[PDB]
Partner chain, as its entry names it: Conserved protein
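Presented as C-alpha cells, the chain that follows is alone, the form deposited without its partner chain.
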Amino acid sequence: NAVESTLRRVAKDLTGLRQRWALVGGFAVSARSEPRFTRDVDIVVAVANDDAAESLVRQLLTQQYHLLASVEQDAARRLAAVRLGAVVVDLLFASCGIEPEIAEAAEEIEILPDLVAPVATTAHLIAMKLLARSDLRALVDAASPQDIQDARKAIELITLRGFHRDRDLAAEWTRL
C-alpha cells in the first residue's frame, strides 16, 4: 500500500521535473512478465553528470523523502545511486552504465489505475538482473527471441563501458 503510494508520488515527482527516468524494479518486471513484486521501487534516471544527479536529489529531498544512502564509485561518475525514504526508492544514475539507453528505450505503460509510467524493456531488465544477481528466469521465459538479442547487445554495451564489474556476463548467463 505504502509501495503503490510511494510509486505514485515519485512518478508524479519525476515527471514533474521532466526527467528521463524508467521503472526497472518489481512493477517493471511484473509488467514485462509475471508477478514479481518487492517492497522496493527501483528506478533508473538518465542525467548528464554528477552535478545533475546531485541537483535532482536535492530537489527531491525538499519534498517528503529522506536520504538513506549515497552509493559511490571510483570511476568518472562518482554518484552511482541513491536510496531515499518516503518503503525505499533506489535511483540509479550510473550503476549499470546504460541508464540513458534504458530510459530512451522504456515504454509508457499503465501500471496502476490512471498511472502511466515508462517501463524498461524486457531486454534491459534482463541485462540489469544478470548484473545484480528467477526474476531473471521469469524475464527470460517471457522473452521473445528478439528480446534475447537486444539483451545480448545490452550486455555487450555494459561490458564495453566497463561497468561489467569484472565479470563475463555473456558467460554467466549461458550457465543460468
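Positions refer to the first chain, counted from 1. We call the rigid core whatever largest set of C-alpha positions still superposes within 1.5 Å between the two forms.
K.L.:
Might you work out how many residues are unmodelled in the deposited sequence between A86 and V87, and answer none, 1 to 3, 4 to 9, or 10 or more?
P.N.:
Count of unmodelled residues in between: 4 to 9.
K.L.:
Answer with none, 1 to 3, 4 to 9, or 10 or more: how many deposited residues between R58 and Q59 are not present in the coordinates.
P.N.:
In the deposited sequence, nothing is left without coordinates between these two.
K.L.:
Would you tell me which stretch averages the higher CA B-factor in the PDB entry, 163-171 or 150-158?
P.N.:
Averaging CA B-factors over each stretch, the winner is 163-171.
K.L.:
If you average the CA temperature factors as listed in the entry, which stretch comes out higher, 44-52 or 23-31?
P.N.:
Here the higher of the two C-alpha B-factor means belongs to 44-52.
K.L.:
Sort the modelled residues of this chain by their C-alpha B factor and say whether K129 lands in the lowest, middle or highest third.
P.N.:
It falls in the middle third of the chain.
K.L.:
Ranking every modelled residue in this chain by its Cα temperature factor as given in the entry, which third contains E72?
P.N.:
For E72, whose C-alpha B-factor we compare with every modelled residue in the chain, the answer is the highest third.
K.L.:
Taking only the Cα B-factors deposited for this chain, tell me whether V119 sits in the lowest, middle or highest third.
P.N.:
For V119, the deposited C-alpha B-factor lands in the lowest third.
K.L.:
Looking at the C-alpha B-factor of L7, is it in the lowest, middle or highest third of its chain?
P.N.:
As the PDB entry reports it, the C-alpha B-factor of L7 lands in the lowest third of its chain.
K.L.:
How does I109 rank on Cα B-factor within its chain, lowest, middle or highest third?
P.N.:
For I109, the deposited C-alpha B-factor lands in the lowest third.
This protein has a second form, the form deposited with its partner chain bound, left out of what is shown; the following refers to that one.
K.L.:
Choose one stretch from 145-153, 56-64, 105-113, 43-51: the one whose residues place a heavy atom within 4.5 angstroms of its partner chain in the entry with it bound.
P.N.:
Residues of 105-113 come within 4.5 Å of the partner.
K.L.:
Hey, with its partner chain in the entry with it bound, do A2, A69 and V87 all fall inside the 4.5 Å heavy atom range?
P.N.:
Answer is yes for this spot.
K.L.:
Examine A31 and determine whether its closest non-hydrogen atom to its partner chain in the entry with it bound is within 4.5 angstroms.
P.N.:
Because a heavy atom of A31 falls inside 4.5 Å of its partner chain in the entry with it bound, the answer is yes.
K.L.:
Quick check on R83: any heavy atom within 4.5 Å of its partner chain in the entry with it bound?
P.N.:
Heavy-atom contact with its partner chain at 4.5 Å: present for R83.
K.L.:
Residue-level contact is defined here as any heavy atom of the residue lying within 4.5 Å of its partner chain in the entry with it bound; does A11 satisfy this criterion?
P.N.:
No, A11 sits far enough from its partner chain in the entry with it bound that none of its heavy atoms falls within 4.5 Å.
K.L.:
With the cut-off set at 4.5 Å between non-hydrogen atoms, does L23 touch its partner chain in the entry with it bound?
P.N.:
Because a heavy atom of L23 falls inside 4.5 Å of its partner chain in the entry with it bound, the answer is yes.
K.L.:
With the core superposed, find the residue in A69, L61, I148, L112 that moves its CA 2 Å or more between the shown form and the other one.
P.N.:
C-alpha shift of at least 2 Å: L112.
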